[PDB]
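Below are two forms of the same protein chain, given as C-alpha cells: structure 1, then structure 2.
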Structure 1
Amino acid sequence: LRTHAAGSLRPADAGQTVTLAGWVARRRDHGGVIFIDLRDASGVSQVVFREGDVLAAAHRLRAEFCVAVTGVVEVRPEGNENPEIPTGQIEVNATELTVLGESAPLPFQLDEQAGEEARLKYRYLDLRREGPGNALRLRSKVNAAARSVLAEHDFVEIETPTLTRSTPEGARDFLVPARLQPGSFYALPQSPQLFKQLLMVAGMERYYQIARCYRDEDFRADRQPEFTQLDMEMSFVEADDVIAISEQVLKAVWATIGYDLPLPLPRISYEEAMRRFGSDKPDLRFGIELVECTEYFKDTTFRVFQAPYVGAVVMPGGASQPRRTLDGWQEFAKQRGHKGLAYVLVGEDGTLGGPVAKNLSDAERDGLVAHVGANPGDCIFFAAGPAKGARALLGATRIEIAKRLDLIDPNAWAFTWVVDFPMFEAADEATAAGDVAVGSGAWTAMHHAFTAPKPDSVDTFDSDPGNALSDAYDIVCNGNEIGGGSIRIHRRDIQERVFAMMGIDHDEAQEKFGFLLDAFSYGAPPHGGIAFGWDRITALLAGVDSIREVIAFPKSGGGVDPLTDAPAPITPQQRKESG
C-alpha cells in the first residue's frame, strides 16, 4: 500500500507521486482546503486536499483516523514552512484517499496525560503518544544491548519452566490447578533460581534468560504480579567475575541513552553503606552522611542518648528553619515507626539551641559542632536507639534533606555495588510501635537460602549466625536496587546446615528441595550469579518513576487489569475442572 515513510519526505522529492499510510494526527480547515498531519512510526508529513473528489472525501477525516493517501510532493508556499520538523518545507497535495480505519472521538487527546485508569483501559491509544511509545521502543533496544554483551562472552540463552512445584521458599506463589491431576497444583516461579543452578550442574557454564517472574504480594512499592528479570549464572567463578560481566551489561544498557558508563563501578560493604548512609541501597547523588556519636556520648547523662547507637545527620543552613515545619519533622519520624527525631540548632553565633543542647554536659556541648562537622546556621538531627532503626531513620532523613534543598542533580548517574552482606537477618526484631520485640522465628535469609557463606564464615555460620558474612552483592543506581546475586552453596551438607538455621529439618529439606540437594551429589561446580530488575532499569533509562510506564500492558494497584477487566470469576462449567 505505502510507498514512502511519512518522515522521509524532502524538497528533493518534489513532483513525485507518493503514497503514505498512517494516522491523522490533526485536521485543520481554512478556505475550502483541508490540512492534515499524517503520522506514522517514522514521523509526520502535512497532506493537503484542495480539489475534487479527494477534498469531498477528506471532510470525513478526524484525529486518529487510519488512512492511506496518494499525492504529489510540493514545496510549501512561502511563509508556510515548519522549521521545527524535518518534513517542514514540503506537503503532499492529495490525489487519492482511502479510509483504512475510522476513529471515534478520543477518550483523551494524545497531547494530554489522562488519569491512570483511563490510560490503562485505553493503553493502545496511550502508546500512540510520543513518550509511552518511545519507552517501549527503548525497552527493545535495552534487551538487545544486554544480549549482545552476553553472546560476546559465550553465554547460552536458556528457557526455564514457568509451571513448577510449589516450594516453601519466601513469598506467596501464584497457583495453577492441574486438570489431569485433580487436586494437584503447579506454581508460577518467583525466579528461575533453582533451574539456573541445575543448569550449572548440567555443565552449561554460562547461562542467561530474560525471564518472567511471578509474586503474589500486597502490591505496594510499585509492584506488578508479573515482572521481568535479566537472569544470569556462571560456573567456576568468584564474585569479581559476576561483577565484571554485570558491569559490561550495564555499560551497554546505558549506552542506549547515550551515556558512557565509567567502569569499574564503586563498591562498598553492607556495614559501611549502613554506617555512612543508613541504607543498603544508598543514594550517592549527594552527601549528608551519617556521623556516629555512640562513643562521643559514651559517658552521657542525657537519657535519650543512653542508647546502643547514637547517630547524626547535618542539614546545611537548617537553623534558619521555621518552627511549624520542625514539628512536622517529628511526624516524618513517627510515620515510619520511630518515636521521634532529636535536633540541635546551631545559631549564627555557633552557640547551641533546641531541647537537646541544655541537657548535654559542657564537654559534650563544646566538641559537638566539630564532631558532626557542622557549621553555624546548621540544624543537626539525631537518632538514638537500636542501631538498625536509628540508621534507617537517618538514612530516610538525609534523603528528605536532599529533596528539600535540591542537592540532587536529575541528570547524574551514581552507581555502587554493596558487597559483604550478612548471611542472615533477624526474623522479626522490632515492634510496629518502635520497640525491641521478643524474637519468635528462626534466622531468615538476607538474600536467599542458596547464598554461600564467605570462606571464614564456613564453620561458624550456624553457631554465630548474626556475625556470619556471605558472598552476596547488590548493584545500586541512584538509590534503587537494580540487581542482586551471590555465589551459591554447591554442597549438600552446607545447604542442610543453612536449612537447619531456618527451621527446616533434614526431612523437610529433602521433601521440599530434594531434587536440588540430590543434584549436588553428582559433581556440582562452584557457581554464582545475579538477577537484574529489568523493569526498574528500563524505567530509570526512560526517566519515569513507575515501572508501569515501561510495560506494554501493566496492571494497576491490586493486580486489576483495566484493559481486559481481569481477574474475573469463572463459569461453574470451567470450575468443575478440577479443584
Structure 2
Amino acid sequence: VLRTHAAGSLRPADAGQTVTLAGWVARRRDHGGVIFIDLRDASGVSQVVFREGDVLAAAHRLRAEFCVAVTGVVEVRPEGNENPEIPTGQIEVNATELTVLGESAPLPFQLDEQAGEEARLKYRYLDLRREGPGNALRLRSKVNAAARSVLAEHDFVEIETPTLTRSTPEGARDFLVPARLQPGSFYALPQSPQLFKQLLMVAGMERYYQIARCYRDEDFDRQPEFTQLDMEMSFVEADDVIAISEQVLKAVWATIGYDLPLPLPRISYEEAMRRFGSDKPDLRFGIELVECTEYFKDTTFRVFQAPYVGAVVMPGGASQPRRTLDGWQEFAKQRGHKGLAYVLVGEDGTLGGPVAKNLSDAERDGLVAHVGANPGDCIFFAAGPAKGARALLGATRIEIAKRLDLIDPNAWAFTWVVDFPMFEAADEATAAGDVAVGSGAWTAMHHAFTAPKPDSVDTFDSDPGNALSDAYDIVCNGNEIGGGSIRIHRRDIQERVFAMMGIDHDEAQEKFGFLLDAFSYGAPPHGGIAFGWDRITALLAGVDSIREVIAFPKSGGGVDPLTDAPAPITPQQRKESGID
C-alpha cells in the first residue's frame, strides 16, 4: 500500500488516524534529535516528523526530491510550530515506517530557483515539479476542455486529420519524411489542416474542429511543431465564424475567472495600420499615430519631403534630458531606421527640439493642434516610405507606453482586424522570413485558399493592390492569437489566384488537384479559423514565451536539450531509409 491519503488534505480532525503518504521530500530540516520533512504530492504538503528508533536512523538518508512512502499517525503540532500559511499547517505525521521508493542525487538546481533556459529544458522533468510550470500544464488541459465544451454544445464534430500527407502552404517550409517503400519520395508533415478541413466541408460534416499539431520549418520564441485549435463551418459568412470564435474565447478566459465582454471590437486593416502602425495592435493604451504627410506637403525640410510623415505624442516628454533623447535615436537604429525626429513643446506652447527651426511659421503655428499635443509634450516623427515609418511609429508608441507605465498588467484588450487586403508583394515576404506561394511578384496576405470579397472577385488578378479579402484576425494585447477566412470553393477562382503567383493550371493540379477536383462535386460555401493555442495558453498563464506552456519544448533552432534530437543515424539505417 503506497498511499492511503493525499498529503494536502490532512487537518486537526484527522488526529489519531494512521495514514500512508507517498510523494517527494520537498524540504528537510533537523531540530532537537529529530528530522522534519515536508512531503509533497499533487494535492499539497504535510509535515512529517521522525522521532525515534530505526525510522529516525533511516530518515538521515533523506534529501531534497527523494521519493518516499511514509506511514504514520496524524498529530496536532506543538504550540508554536503551527504553520498558519498552509492548509495542513496545524498538523504533522509522526512517522512509524519509511520506504525510499527512489533516491535523488543533488539537483542541478533547487526548486525555488529558476535556472537558465538550457538547464530548465535539459531537466524539464524537474522544472515541472515547480509550482509555476506544473500549474501551467494543468491550466492548459482546462483550456482545452473549455474550448471543447463550447464547440460540442454548438454541434461541432472533432475530427483527426493526417500528418503524413502532401504540402499545404502557410508561408513556411515543409518538414519532410522519406518513404521507405517508395524510394525517392516523401511525405510532408502539414503546416496546418487547411486542405483537409475544406474537404471535410465538401464531405458534409458542416462543423468541424480539431486541436491539431502543425509543423513549420521557419526562423527560430518559435517552435517547429505547435498546436492550433482549428475550426471550419459550412454555409457561413465571416460573422458566423466570428460569433462562434467569441464563444470559445469567452469560455477560455473564464478558466482564469475573467468574464469576457461580448461582442469584441473590430477595426479594418487600413485603420489599424493608420492609427497603431500594426495589424496586431496593442489597445491597452492610446498614443496613436497622427498622419502629417498632407500637413507637411510644402515643407522645405529635406527630412519631411517624403511619401509619408507621421507623428506620435509622448505625454510630458518635453522635460526629457538630452541623454534620453539621444537614447530615442539608439532605439530606432536598433530596429534599422534612420531615427526619430522630434519637437519639444514648452509650457507656453513654444516649440523646440532640432525640428522647430526647420518649420515655417504656418507649420509651427498649427502643429500642436494638428498632432493633438499639449504644453509639456514631445512629438516624435518618422518619415520615409509609409510601411517602414509606420512600423517604427508602431514600435515607438509601445516603448512610450512602457516608459510611462501606461499598460495595466491585468487588462485584456481584444480586437478583430478585418478587411485585410488580399495580397503581399513577394519581395516583402521573402525578406520578412516568409516563403512566397510561388515565383510571382505577388503572394497571399493570409493563404491561397482565401476568398476575395464579392466586389474584388472580377479584378483581384488585374489590380491586386486594391483587392480585398474576407479574412479576419483576432488580437489580444498586441498578439495575433487567431486568424481565418471564408474560402474559395470554385476551381476557376482558385486557379486565378495560383496563376498570378506563377502557378499555372498543370502545377496547380499536380500540387492541389485533390482539392480542386473536389470543387467539382457540389462544394458548399465555407470558412473558418485557427487559434494559436500555445500563445493563448501562454497569455492565460501570464508568461511571455510559449515554452512555458509546452511540456517538452525545443529551445532555439530546434535544439532539444532534453533528448539531444535531432541526431544522426547509422549507414545501415540510412540504406534501409530508402533515402538515396
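We call the rigid core whatever largest set of C-alpha positions still superposes within 1.5 Å between the two forms. Numbers given to residues start at 1 and step along the sequence of structure 1.
- Item | Sole member of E429, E81, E74, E238 with a C-alpha shift of at least 2 Å between the two structures (core-superposed) | The one that moves 2 Å or more is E429.
- Query: Any chance the CA of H371 moves 2 angstroms or more between the two structures, core superposed?
  - Reply: Comparing the forms between the two structures, which are aligned on their rigid core, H371 does not shift its C-alpha by 2 Å or more.
- Does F302 show a Cα shift reaching 2 Å between the two structures after rigid-core superposition? Yes, its C-alpha moves 2 Å or more.
- Query: Rigid core fitted, then: does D474 show a CA shift of 2 angstroms or greater between the two structures?
  - Reply: Where the cores coincide, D474 shows only a C-alpha shift between the two structures that is less than 2 Å.
- Task: May I ask for the C-alpha shift of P386 between the two structures, in Å, based on superposition of the rigid core?
- Result: C-alpha displacement of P386 between the two structures: 2.0 Å.
- Query: What is the C-alpha shift for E169 between the two structures, rigid core superposed, to one decimal in Å?
  - Reply: Looking at the C-alpha of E169 between the two structures, the offset is 6.2 Å.
- Message: If I align on the rigid core, how far apart are the two C-alpha positions of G439 between the two structures? Answer in Å.
- Response: Its alpha carbon moves by 14.6 Å.
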